[PDB]
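Student: Dropping a structure here in structure tokens format, bear with me for questions.
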Amino acid sequence: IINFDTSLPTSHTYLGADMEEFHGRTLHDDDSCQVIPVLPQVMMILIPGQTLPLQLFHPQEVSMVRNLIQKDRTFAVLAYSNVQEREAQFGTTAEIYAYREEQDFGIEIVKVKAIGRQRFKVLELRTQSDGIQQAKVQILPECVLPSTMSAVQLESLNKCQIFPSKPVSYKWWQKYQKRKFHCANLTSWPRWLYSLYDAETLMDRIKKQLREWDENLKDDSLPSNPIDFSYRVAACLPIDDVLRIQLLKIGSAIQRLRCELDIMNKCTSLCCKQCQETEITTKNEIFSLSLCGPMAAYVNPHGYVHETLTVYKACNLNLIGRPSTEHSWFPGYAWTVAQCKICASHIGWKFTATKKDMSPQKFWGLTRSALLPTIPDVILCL
Amino acid sequence: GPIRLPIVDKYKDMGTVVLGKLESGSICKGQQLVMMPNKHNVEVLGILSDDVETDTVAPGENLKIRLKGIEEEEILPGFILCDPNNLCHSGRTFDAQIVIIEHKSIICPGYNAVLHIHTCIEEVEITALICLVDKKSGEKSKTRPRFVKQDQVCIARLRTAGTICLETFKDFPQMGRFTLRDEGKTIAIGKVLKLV
Amino acid sequence: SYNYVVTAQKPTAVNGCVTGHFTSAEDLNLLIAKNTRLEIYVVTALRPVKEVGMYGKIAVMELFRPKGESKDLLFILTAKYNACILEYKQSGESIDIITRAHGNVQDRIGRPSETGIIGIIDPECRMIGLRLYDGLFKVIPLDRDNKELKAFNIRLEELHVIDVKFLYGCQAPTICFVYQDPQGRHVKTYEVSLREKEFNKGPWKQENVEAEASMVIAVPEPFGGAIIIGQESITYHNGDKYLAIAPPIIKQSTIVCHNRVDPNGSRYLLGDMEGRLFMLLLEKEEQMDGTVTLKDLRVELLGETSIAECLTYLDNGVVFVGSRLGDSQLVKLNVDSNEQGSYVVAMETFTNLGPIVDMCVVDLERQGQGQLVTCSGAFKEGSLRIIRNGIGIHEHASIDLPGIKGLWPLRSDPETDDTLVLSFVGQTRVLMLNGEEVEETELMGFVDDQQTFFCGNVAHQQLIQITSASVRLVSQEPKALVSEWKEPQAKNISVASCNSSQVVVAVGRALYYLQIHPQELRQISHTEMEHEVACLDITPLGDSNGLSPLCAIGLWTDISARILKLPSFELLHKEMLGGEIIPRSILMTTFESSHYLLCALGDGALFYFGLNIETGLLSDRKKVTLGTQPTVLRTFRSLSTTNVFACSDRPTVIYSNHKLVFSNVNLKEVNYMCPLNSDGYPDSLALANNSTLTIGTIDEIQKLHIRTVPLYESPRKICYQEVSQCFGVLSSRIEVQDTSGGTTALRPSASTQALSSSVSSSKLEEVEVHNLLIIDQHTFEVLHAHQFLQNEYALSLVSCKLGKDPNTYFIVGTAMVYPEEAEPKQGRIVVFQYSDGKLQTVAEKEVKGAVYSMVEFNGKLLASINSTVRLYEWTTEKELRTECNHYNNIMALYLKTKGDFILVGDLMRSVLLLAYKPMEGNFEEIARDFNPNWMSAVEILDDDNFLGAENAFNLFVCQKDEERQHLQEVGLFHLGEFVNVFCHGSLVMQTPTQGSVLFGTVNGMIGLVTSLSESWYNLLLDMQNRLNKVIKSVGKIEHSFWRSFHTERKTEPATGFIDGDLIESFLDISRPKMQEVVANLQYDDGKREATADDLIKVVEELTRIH
Ligand SMILES: O=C1CC[C@H](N2Cc3cc(CNC(=O)C(F)(F)c4ccc(Cl)cc4)ccc3C2=O)C(=O)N1
Ligand SMILES: [Zn+2]
């Protein structure tokens, strides 16, 4: 139905000429203590696997990054739990994979592309005389649990736990549940309950919702490891910062996947955060225009990061001015600032195609910071 | 394609030689050209790109160029060579998008400063400024501002001392970027939008 | 918090079974592994020998014979990767198992494979192959000097390995296995270099095997090669030869276990998943002497067995069937097909409680001590088990004979008893014992028209009989009366008692003293007493060669037990008891050389004092209640010591270790008794109630007795409704998708064979049908079977009273399960009432979600619905109206409550505390603790400590004491068993321990948990570390390593717990090891050096809680 090319927005081509790329990868040992610098102006809760673009202008930020591009390329992104909370307890590491320093206009500007790697717990914060802070951090391990039947499996049925690969289906999943959870009759709960805590089943249930948004092939785009999968879905869920913090505090993918599935079903409406009482869009209009999903982080010309959820239709929004193609995050579309009709708060932008052959001809890009998920009929993460 | 060569400096040698960095298009030996501010025709003699001589050369390189034509000095830095078909726009008033980066107080219309556009350096005055624009959104301001302070972006109209060669951004980058300058400090940077 | 974990019923399921020559090369042994227990039997045409306790979960158990060893050796590998090689040693009368080699074979990194640990031993007995983790193959060389079990790994190209086996008939250590890659399932063979340490390409391979290849069987010589088992085909593989059959008789279910019958390799056994039993047969042809080529493979169905986990043929045609779902069988299989069908017949049936899905405690025998009823087994092995703590009685003969009001043994000829005298109402009879046949005889000199109060052999080769009116003395040589005694005014005798030389009878308020001389009864004294006499005793206590100098009395009105001196009747001690009920029976006996006085009351109260023979002082009194009905005290001998049998409505045997142990007797009612020792019933007991005379022997110590009530279908939940004397049980049977509407049952089960059967809807592949069963608390007959709706899953069950309604209802929470919907969208809460003989459906509540659990919460019903806890109020119009509602993050799987607290958990170890606030009609989160891990069941210990079982068979305790909402991790313990349910209660009569909690297990193990004071936990922790140095551990497994809290990712030491099994083993070591254990201890009694008897009195106080 569409033809845009979901691979374009993830590239962040609006940043210009190809950046220098790095192939190396740095991962710290679980539970190890590390001192990692914090960027003073980044206001985001970064989740592992999420791409974070930045434009740094201030010399102190630029200087710190030049040093980082030479060392491990990893900085700390503190996850602020409350608005007036001075001390940060959690956060996520970001690994620079592309960078470019340019002396164009006459001011040193640094463009960076980072990716979330490891979650950590903040142990100490020390501010240097320059304004760049260092975090004494403890790498939080990813808790991997075995199959729920591992401690309740019969040794005679061990040779039956391996199943031959599935055909690319309704009848097959019924046989999967019956065979993997056969030894559930030795416990207090039935097979269908254990299914509710099975990574593979939960992941197949999420894919069914992701397929409603994108014609992406499950085969490749989505990772097969539940850990990576669980983090990838969390990145494109249009939830508020308090909920995003709760998902990051979750150490088990199982708990994360279940909590995500509940969010995907409960919160169907998206209202204006400033008003709280003004519907802007619904989950039925959410769609993915980028390989990352319906929501991804993008940077504006002044280094402001916006997690933009692409939706087909929005209401109660007034458009200010005329469309512009300048620094467009979706090349081929022009943007027009969109404010709320009631409180005039900036909600996002309307994107209108520049060429008649493009489809969709129009859509809306809403900034997560301006929206508030509402349950029809405070949302609680199951 | 179209050719643009901002002139850094000239010097009388051979017939007449000119210095610059060649930003637009390719330049062939003997390729007839023009000089935009005075509309002076001129023919190429020798293309001394780098220290070597080559008959033709592509954008990027640093060319010394021998000029055959009615050009024997009376050419200033901040002039340009131009393809005779689609040549460069000029004049002395223009609109531009100007982000204030360093200034202790407030700049308001009639603010005097220097204007560095490519090779050209000419004093400039901001006649009136049009509309603020918010950095978070992009929102063109509702009312006209009376002034703009630091760390702030606006769009304004600008009159230089006299006849210079401007080209809008989007059309051309290197000639469309500029830096306002005062007391040697860099006070603003700007992309040019319209041409009055 | 500090707690105490003790095993009350060792596991019953069978992890594995194997035969061999372990005790002696001449003997044939059968080795059974009941999880963390090892049973060693000797086969005859089974004999127990030794049972030992591993400090580990037995995962691999095989027998083998190294080069130059007298008998087979045993290899054991635990779930925590403890490896050891064990030998049997007998020094004459002391059986001991010595460890030869030991060592942990865990690798610092690795992912444990899906098919679990696989251990094998090559036929040459040179190496030991183990597939612990994926892509690797650990190998242990079996050199004589490998006492550390040093081993090495060998990389594998194949990652997904199904099953591996060492091949027979190869001069090189050759393995053969099945694997699976994205291209399909295949089979390969490798050769192992014990020196070069790698794989060399094996003999043969044949890719693209059966899709469900699961089992590999190595065939010994002369056949060689291997057999491949699957869902569809049984295939042979040796070299380029390829024999393949596909019998349709096994396509109906899956083969799970196997065993070799004859050591040549022609006959194999095949165990099914549904209990079927098959015999594989290999057809040979001996072309010449030497070569034996395989012709064909045949299979025959031999009959039905218990759902088998492990199998082993023994000898002479008998097979042991070890099961984990149902009872273990000893089966004899004949060559003649039985009349019912196939050729199998059960011989013995070994009890097996596993698995335990739920259990409840019940006071089935009115009040007193509790009993335990479990939902045990699965599928056709489904059964209820009733477990009571008490003493058994082996009935040798039962005779209907009402009115027995007295019982005495008699020796009619001087040895051993030969005559039983029975006293009826106002009359008397005599029974004679010729072998096991009882017949009425007459005893000349005895009067048979009066109520006999006592008779028995006495001194000078004489008898005696004390009727209501006389005191007759009979001779033995001619057998006739020689001297009769009566009252001077010929009045009736009230109470009497006698020993062997003295006789003290009483009339009203007066009592007389007689002596037994040849042909004479010499009256002596006749003091008057203040009030009527109730009971007296003249037992000769101790030391005195024949006669006693004391006389114990109980009096009416005064209700004072008194000790008088003979023949003066001087009041040596008066003790005034309760004051409303007269005494009914008194007795003076001695236990473990300590002298007690006992006295029972007509209301069942039992006093026991301490007696000073020379002083007559009755001191250190203690009282215990035994039953509502009057009690009668009798002395008898068992195990060369004198016990005391207390006849009543709750019969009780009193024995003993300087601590009296009142042990219930597994019998209905017993009014009168006497010890009988005849030529046909030696050293036995004679019991008598209102209608039965029972004779039989009695066990020496109380164990656990288990009554099996088969259901032939899986039970799920259970609760006890006392006001109806019935059990409510949830059950599920299996049916098959049939023609037309379908759903035809498999076999007659407990839900199809009920008295009255109901349903919830008419008719308007496998499929499960759920039922609510009503079971009588006495007969255990299925009184009613409710069948829930189609596609309805019954999850919870509770019997309680709600609101101000006096009726006690059965409440069941359900959930609709359709295969297309992952999470259940709707369920119901049904409120039944069992009135008379009907099951009225009182009320229903359609709910939009599942109902994983319920609980009665302060007269109101509290239920969980998905991630929501809902509180229901019971209307006066007989309905459920909502009062409160509370949402959570967690699926409210587990639900327990004490007082106003509520503890909510899920399968993910996540725990919530909730408190009812009546002034708000809502709930408030009190505390929480999230630490993601698999949780099987939880329970509330008290208001501040909460018990649960997490993955890898562990226990934990959380503790309460702003950020005072954090639950600390104060207790950890690797129990080694999969706990499946907790419930309060005990199995002993009504203080070192505080509280008591029982729990079930998948392996059928029943344990107990109780709290301790810090003083005891500190001491008993010192006790543990002292015993670990002393007691010899099998396989040299560190006790601290065994109980260490284990997960796949972490391994922390245990804390806040005490392995009561280890503490209880203090009484099994020899006396010097005790003194060795108490190496300068500071014991506290208001401190000094501690002795061995100091800790025995301590440990015996702990063994009396289960
Ligand atoms: O798809 C999208 C949706 C729109 C979004 N944008 C564009 C944008 C432009 C400006 C004002 N421009 C500038 O300030 C400038 F970039 F044009 C500039 C001019 C002169 C100089 Cl010297 C430097 C920079 C302010 C905010 C935004 C903003 O949030 C975006 O980035 N890509
Ligand atoms: Zn608004």
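Residue numbering restarts at 1 in every chain; chains get A, B, ... in the order shown in the structure tokens, and ligands count up from 1 in that same order.
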Produce a table with one row for each residue of chain A that has an atom at most 8 Å from any atom of chain B, each row naming the nearest atom pair and its distance in Å at one decimal; use only C-alpha atoms; arrange rows by chain and rising residue number; format as a Markdown table.

Tutor:
| residue | atom | partner | partner_atom | distance |
| --- | --- | --- | --- | --- |
| A:105 | CA | B:189 | CA | 6.4 |
| A:106 | CA | B:179 | CA | 7.4 |
| A:300 | CA | B:136 | CA | 7.5 |
| A:301 | CA | B:135 | CA | 7.8 |
| A:302 | CA | B:135 | CA | 6.3 |
| A:304 | CA | B:136 | CA | 6.3 |
| A:320 | CA | B:139 | CA | 7.1 |
| A:321 | CA | B:140 | CA | 7.0 |
| A:337 | CA | B:139 | CA | 6.0 |
| A:346 | CA | B:137 | CA | 6.9 |
| A:348 | CA | B:137 | CA | 7.6 |

Student: For the residues selected in the previous step, produce a file with N, CA, C and O atoms as an mmCIF file, in the first residue's frame.

Tutor:
data_model
loop_
_atom_site.group_PDB
_atom_site.id
_atom_site.type_symbol
_atom_site.label_atom_id
_atom_site.label_comp_id
_atom_site.auth_asym_id
_atom_site.auth_seq_id
_atom_site.Cartn_x
_atom_site.Cartn_y
_atom_site.Cartn_z
ATOM 1 N N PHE A 105 30.230 26.837 9.151
ATOM 2 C CA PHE A 105 29.938 28.257 9.332
ATOM 3 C C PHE A 105 31.087 29.016 9.988
ATOM 4 O O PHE A 105 31.276 30.207 9.714
ATOM 5 N N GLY A 106 31.852 28.360 10.854
ATOM 6 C CA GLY A 106 32.969 28.992 11.531
ATOM 7 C C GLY A 106 32.996 28.597 12.990
ATOM 8 O O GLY A 106 33.884 28.989 13.754
ATOM 9 N N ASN A 300 17.158 17.819 15.749
ATOM 10 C CA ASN A 300 16.836 19.036 15.027
ATOM 11 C C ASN A 300 18.121 19.825 14.801
ATOM 12 O O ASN A 300 19.184 19.443 15.296
ATOM 13 N N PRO A 301 18.080 20.926 14.041
ATOM 14 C CA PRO A 301 19.333 21.654 13.756
ATOM 15 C C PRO A 301 20.071 22.169 14.984
ATOM 16 O O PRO A 301 21.258 22.496 14.873
ATOM 17 N N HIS A 302 19.420 22.256 16.144
ATOM 18 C CA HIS A 302 20.032 22.786 17.357
ATOM 19 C C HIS A 302 20.282 21.714 18.417
ATOM 20 O O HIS A 302 20.479 22.042 19.591
ATOM 21 N N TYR A 304 18.275 19.365 19.632
ATOM 22 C CA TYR A 304 17.134 18.898 20.407
ATOM 23 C C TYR A 304 16.680 17.556 19.851
ATOM 24 O O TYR A 304 16.427 17.424 18.649
ATOM 25 N N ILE A 320 0.809 25.997 11.832
ATOM 26 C CA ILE A 320 1.343 27.354 11.801
ATOM 27 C C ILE A 320 2.300 27.496 10.617
ATOM 28 O O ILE A 320 3.237 26.702 10.455
ATOM 29 N N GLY A 321 2.009 28.455 9.739
ATOM 30 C CA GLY A 321 2.862 28.732 8.595
ATOM 31 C C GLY A 321 2.679 27.795 7.411
ATOM 32 O O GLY A 321 1.625 27.188 7.214
ATOM 33 N N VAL A 337 5.068 22.912 11.366
ATOM 34 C CA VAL A 337 4.877 22.890 12.813
ATOM 35 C C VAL A 337 3.403 22.735 13.148
ATOM 36 O O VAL A 337 2.550 23.455 12.617
ATOM 37 N N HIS A 346 3.336 22.878 21.448
ATOM 38 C CA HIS A 346 3.879 22.214 20.268
ATOM 39 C C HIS A 346 3.742 20.704 20.440
ATOM 40 O O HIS A 346 4.306 20.124 21.374
ATOM 41 N N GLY A 348 3.912 18.506 17.474
ATOM 42 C CA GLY A 348 4.767 17.880 16.486
ATOM 43 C C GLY A 348 4.737 18.582 15.147
ATOM 44 O O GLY A 348 4.760 19.814 15.088
#

Student: Need to verify the contact set: residue 100 (chain B), 8 Å, only C-alpha atoms, exclusion of same-chain residues closer than 2 positions in sequence. Can you return it as a ChimeraX atom specification?

Tutor: /B:98,102-103,148-153,187-189

Student: The selected residues should be written to file as a CSV table (one decimal), in the first residue's frame (atoms: N, CA and C atoms).

Tutor:
chain,number,residue,atom,x,y,z
B,98,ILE,N,19.5,34.1,10.7
B,98,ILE,CA,20.7,34.5,11.4
B,98,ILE,C,20.5,34.1,12.9
B,102,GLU,N,26.9,35.0,20.0
B,102,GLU,CA,27.7,35.7,21.0
B,102,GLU,C,27.3,37.2,21.0
B,103,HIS,N,26.7,37.7,22.1
B,103,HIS,CA,26.4,39.1,22.2
B,103,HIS,C,26.0,39.4,23.7
B,148,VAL,N,16.7,40.9,19.1
B,148,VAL,CA,17.0,39.5,19.3
B,148,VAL,C,18.3,39.4,20.2
B,149,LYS,N,18.2,38.6,21.2
B,149,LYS,CA,19.4,38.5,22.1
B,149,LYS,C,20.2,37.2,21.8
B,150,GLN,N,21.0,36.8,22.7
B,150,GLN,CA,21.9,35.6,22.4
B,150,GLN,C,21.1,34.3,22.3
B,151,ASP,N,21.8,33.3,21.7
B,151,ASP,CA,21.3,32.0,21.6
B,151,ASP,C,19.9,31.9,21.0
B,152,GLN,N,19.7,32.7,20.0
B,152,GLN,CA,18.3,32.9,19.5
B,152,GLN,C,18.4,33.1,18.0
B,153,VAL,N,17.4,32.6,17.3
B,153,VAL,CA,17.4,32.6,15.8
B,153,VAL,C,16.3,33.5,15.3
B,187,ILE,N,29.8,37.0,15.9
B,187,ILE,CA,28.6,37.3,16.6
B,187,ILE,C,27.4,36.6,16.1
B,188,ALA,N,27.4,36.2,14.8
B,188,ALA,CA,26.2,35.4,14.2
B,188,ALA,C,26.7,34.7,13.0
B,189,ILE,N,26.0,33.7,12.7
B,189,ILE,CA,26.2,32.9,11.4
B,189,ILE,C,24.8,32.8,10.7

Student: At a cut-off of 8 Å, list the chain C residues touching chain A, using only C-alpha atoms, as a short mmCIF file (atom, residue, chain, number, x, y, z; two decimals) with N, CA, C and O atoms, in the first residue's frame.

Tutor:
data_model
loop_
_atom_site.label_atom_id
_atom_site.label_comp_id
_atom_site.auth_asym_id
_atom_site.auth_seq_id
_atom_site.Cartn_x
_atom_site.Cartn_y
_atom_site.Cartn_z
N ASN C 15 13.57 -42.03 40.09
CA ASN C 15 14.33 -41.36 39.04
C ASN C 15 14.91 -42.37 38.05
O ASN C 15 14.94 -42.11 36.84
N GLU C 114 19.35 -29.12 26.28
CA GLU C 114 17.91 -29.27 26.47
C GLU C 114 17.54 -30.68 26.91
O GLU C 114 16.62 -30.86 27.72
N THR C 115 18.22 -31.69 26.38
CA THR C 115 17.93 -33.08 26.73
C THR C 115 18.49 -33.49 28.09
O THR C 115 18.44 -34.67 28.44
N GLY C 116 19.01 -32.55 28.86
CA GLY C 116 19.47 -32.86 30.20
C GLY C 116 20.78 -33.62 30.20
O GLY C 116 21.33 -33.98 29.16
N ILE C 162 20.33 -35.29 20.52
CA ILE C 162 19.17 -35.92 21.14
C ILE C 162 19.63 -36.90 22.22
O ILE C 162 19.47 -36.63 23.42
N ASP C 163 20.20 -38.02 21.81
CA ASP C 163 20.59 -39.07 22.74
C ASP C 163 21.84 -39.77 22.22
O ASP C 163 21.96 -40.00 21.01
N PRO C 182 19.01 -27.68 10.93
CA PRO C 182 17.91 -27.20 10.08
C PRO C 182 17.61 -28.08 8.87
O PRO C 182 16.54 -27.96 8.27
N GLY C 184 17.33 -31.37 9.08
CA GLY C 184 16.59 -32.51 9.56
C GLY C 184 17.31 -33.21 10.69
O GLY C 184 18.25 -32.68 11.29
N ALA C 211 11.68 -38.42 11.72
CA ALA C 211 11.58 -37.04 12.19
C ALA C 211 11.56 -36.96 13.71
O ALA C 211 11.99 -35.94 14.28
N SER C 214 14.32 -40.33 18.93
CA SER C 214 14.52 -39.87 20.30
C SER C 214 15.39 -40.81 21.12
O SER C 214 16.17 -40.35 21.96
N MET C 215 15.29 -42.11 20.88
CA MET C 215 15.92 -43.11 21.73
C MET C 215 16.95 -43.91 20.94
O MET C 215 16.67 -44.36 19.82
N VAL C 256 9.16 -44.23 25.74
CA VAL C 256 9.85 -43.32 26.64
C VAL C 256 11.03 -44.00 27.34
O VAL C 256 12.02 -43.34 27.67
N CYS C 257 10.93 -45.31 27.56
CA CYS C 257 11.97 -46.02 28.30
C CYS C 257 12.12 -47.43 27.76
O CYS C 257 11.23 -47.95 27.08
N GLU C 309 8.53 -44.90 34.17
CA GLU C 309 9.68 -44.02 33.97
C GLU C 309 10.95 -44.81 33.68
O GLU C 309 11.69 -44.49 32.74
N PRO C 355 3.10 -37.39 41.67
CA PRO C 355 3.32 -36.02 42.14
C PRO C 355 2.19 -35.51 43.03
O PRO C 355 1.07 -36.01 42.94
N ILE C 356 2.48 -34.53 43.87
CA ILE C 356 1.49 -33.92 44.76
C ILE C 356 1.13 -32.57 44.16
O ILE C 356 1.95 -31.65 44.15
N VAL C 357 -0.10 -32.45 43.68
CA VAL C 357 -0.54 -31.18 43.10
C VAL C 357 -1.21 -30.29 44.14
O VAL C 357 -1.20 -29.06 43.99
N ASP C 358 -1.79 -30.87 45.18
CA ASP C 358 -2.40 -30.12 46.27
C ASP C 358 -2.64 -31.08 47.42
O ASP C 358 -2.70 -32.30 47.23
N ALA C 378 -1.17 -38.65 38.34
CA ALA C 378 -1.75 -38.03 37.16
C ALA C 378 -2.23 -39.12 36.22
O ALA C 378 -1.79 -40.27 36.29
N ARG C 716 -6.78 -32.30 40.94
CA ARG C 716 -6.15 -30.99 40.78
C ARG C 716 -6.17 -30.18 42.08
O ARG C 716 -5.13 -29.63 42.48
N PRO C 819 -8.30 -22.22 22.32
CA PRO C 819 -6.91 -22.25 21.85
C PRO C 819 -6.50 -21.03 21.04
O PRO C 819 -5.31 -20.73 20.97
N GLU C 820 -7.45 -20.32 20.42
CA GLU C 820 -7.10 -19.15 19.63
C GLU C 820 -6.76 -17.95 20.50
O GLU C 820 -5.93 -17.12 20.10
N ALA C 822 -4.89 -16.39 23.53
CA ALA C 822 -3.76 -16.71 24.39
C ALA C 822 -4.11 -16.47 25.86
O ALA C 822 -4.03 -17.38 26.69
N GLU C 823 -4.49 -15.24 26.19
CA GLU C 823 -4.90 -14.93 27.55
C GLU C 823 -6.41 -15.11 27.68
O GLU C 823 -7.16 -14.60 26.84
N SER C 867 -4.60 -9.86 36.40
CA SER C 867 -3.79 -8.95 37.20
C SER C 867 -4.63 -8.12 38.17
O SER C 867 -4.20 -7.04 38.57
N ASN C 888 -3.06 -4.57 39.82
CA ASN C 888 -1.65 -4.77 40.09
C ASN C 888 -0.88 -4.79 38.78
O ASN C 888 -1.44 -4.65 37.69
N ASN C 889 0.44 -4.96 38.91
CA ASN C 889 1.30 -5.26 37.78
C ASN C 889 1.37 -6.76 37.53
O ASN C 889 1.56 -7.19 36.39
N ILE C 890 1.21 -7.53 38.57
CA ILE C 890 1.46 -8.96 38.60
C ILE C 890 0.18 -9.73 38.32
O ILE C 890 -0.93 -9.29 38.65
N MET C 891 0.33 -10.90 37.71
CA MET C 891 -0.77 -11.85 37.63
C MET C 891 -0.96 -12.49 38.99
O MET C 891 -0.06 -13.18 39.49
N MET C 908 6.75 -15.46 38.71
CA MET C 908 7.99 -14.72 38.51
C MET C 908 8.60 -14.22 39.82
O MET C 908 9.29 -13.20 39.83
N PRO C 932 13.40 -11.50 39.62
CA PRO C 932 12.75 -12.42 38.67
C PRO C 932 13.31 -13.84 38.74
O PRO C 932 14.51 -14.06 38.59
N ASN C 933 12.41 -14.79 38.97
CA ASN C 933 12.75 -16.20 39.14
C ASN C 933 11.46 -17.01 39.16
O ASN C 933 10.40 -16.49 39.51
N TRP C 934 11.56 -18.28 38.78
CA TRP C 934 10.38 -19.13 38.70
C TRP C 934 9.96 -19.56 40.10
O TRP C 934 10.76 -20.08 40.87
N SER C 936 6.97 -21.63 42.48
CA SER C 936 6.01 -22.72 42.39
C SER C 936 4.87 -22.62 43.40
O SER C 936 3.74 -22.99 43.08
N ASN C 951 13.05 -21.47 41.73
CA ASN C 951 13.56 -22.45 40.78
C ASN C 951 14.78 -23.16 41.34
O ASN C 951 15.40 -22.73 42.31
N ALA C 952 15.12 -24.28 40.69
CA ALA C 952 16.23 -25.14 41.12
C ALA C 952 16.01 -25.66 42.54
O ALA C 952 16.95 -25.79 43.33
N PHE C 953 14.75 -25.95 42.87
CA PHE C 953 14.37 -26.68 44.08
C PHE C 953 14.91 -26.01 45.34
O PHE C 953 15.65 -26.60 46.13
N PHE C 978 10.96 -30.16 44.39
CA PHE C 978 10.09 -29.17 43.76
C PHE C 978 8.84 -29.03 44.63
O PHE C 978 7.91 -29.82 44.53
N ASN C 980 5.32 -27.85 45.78
CA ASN C 980 4.16 -27.60 44.95
C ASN C 980 2.97 -27.05 45.71
O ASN C 980 2.04 -26.54 45.08
N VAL C 981 2.96 -27.14 47.04
CA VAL C 981 1.88 -26.59 47.85
C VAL C 981 2.36 -26.50 49.29
O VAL C 981 3.11 -27.36 49.76
N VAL C 1002 6.76 -32.75 43.82
CA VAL C 1002 6.62 -33.55 42.61
C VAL C 1002 7.11 -34.97 42.84
O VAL C 1002 6.48 -35.94 42.40
N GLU C 1048 21.00 -21.55 37.96
CA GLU C 1048 21.91 -21.69 36.83
C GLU C 1048 22.92 -20.55 36.77
O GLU C 1048 24.02 -20.73 36.25
#

Student: Go through A:85, A:5, A:326, A:29 one by one, measure the shortest atom-to-atom distance of each to ligand 1 using only C-alpha atoms and all ligand atoms, and give the residue with the smallest value.

Tutor: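 Going through A:85, A:5, A:326, A:29 one by one, the smallest distance to ligand 1 is for A:326.
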
Student: Using only C-alpha atoms and all ligand atoms, find each protein or nucleic acid residue lying at most 7 Å from ligand 2; present the set as a short mmCIF file (atom, residue, chain, number, x, y, z; two decimals) with N, CA and C atoms, in the first residue's frame.

Tutor:
data_model
loop_
_atom_site.label_atom_id
_atom_site.label_comp_id
_atom_site.auth_asym_id
_atom_site.auth_seq_id
_atom_site.Cartn_x
_atom_site.Cartn_y
_atom_site.Cartn_z
N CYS A 272 -3.11 15.11 24.43
CA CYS A 272 -2.11 16.15 24.66
C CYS A 272 -1.69 16.15 26.13
N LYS A 273 -0.37 16.12 26.36
CA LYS A 273 0.15 16.09 27.72
C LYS A 273 -0.18 17.35 28.51
N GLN A 274 -0.10 18.53 27.88
CA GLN A 274 -0.41 19.76 28.60
C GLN A 274 -1.88 19.85 28.98
N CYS A 275 -2.78 19.44 28.08
CA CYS A 275 -4.20 19.48 28.38
C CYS A 275 -4.65 18.27 29.18
N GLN A 276 -4.18 17.08 28.78
CA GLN A 276 -4.55 15.77 29.32
C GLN A 276 -5.97 15.40 28.88
N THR A 278 -7.50 16.19 25.85
CA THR A 278 -7.64 16.51 24.42
C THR A 278 -7.05 15.38 23.60
N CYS A 340 -1.10 22.33 19.48
CA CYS A 340 -2.43 21.96 19.96
C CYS A 340 -3.43 23.10 19.79
N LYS A 341 -4.63 22.75 19.32
CA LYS A 341 -5.70 23.73 19.13
C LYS A 341 -6.19 24.34 20.44
N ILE A 342 -6.02 23.65 21.57
CA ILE A 342 -6.57 24.13 22.83
C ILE A 342 -5.55 24.95 23.62
N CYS A 343 -4.39 24.35 23.90
CA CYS A 343 -3.36 24.97 24.73
C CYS A 343 -2.20 25.55 23.93
N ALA A 344 -2.21 25.39 22.61
CA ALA A 344 -1.16 25.86 21.70
C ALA A 344 0.21 25.26 21.99
N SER A 345 0.28 24.17 22.74
CA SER A 345 1.56 23.52 22.98
C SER A 345 2.03 22.83 21.71
#
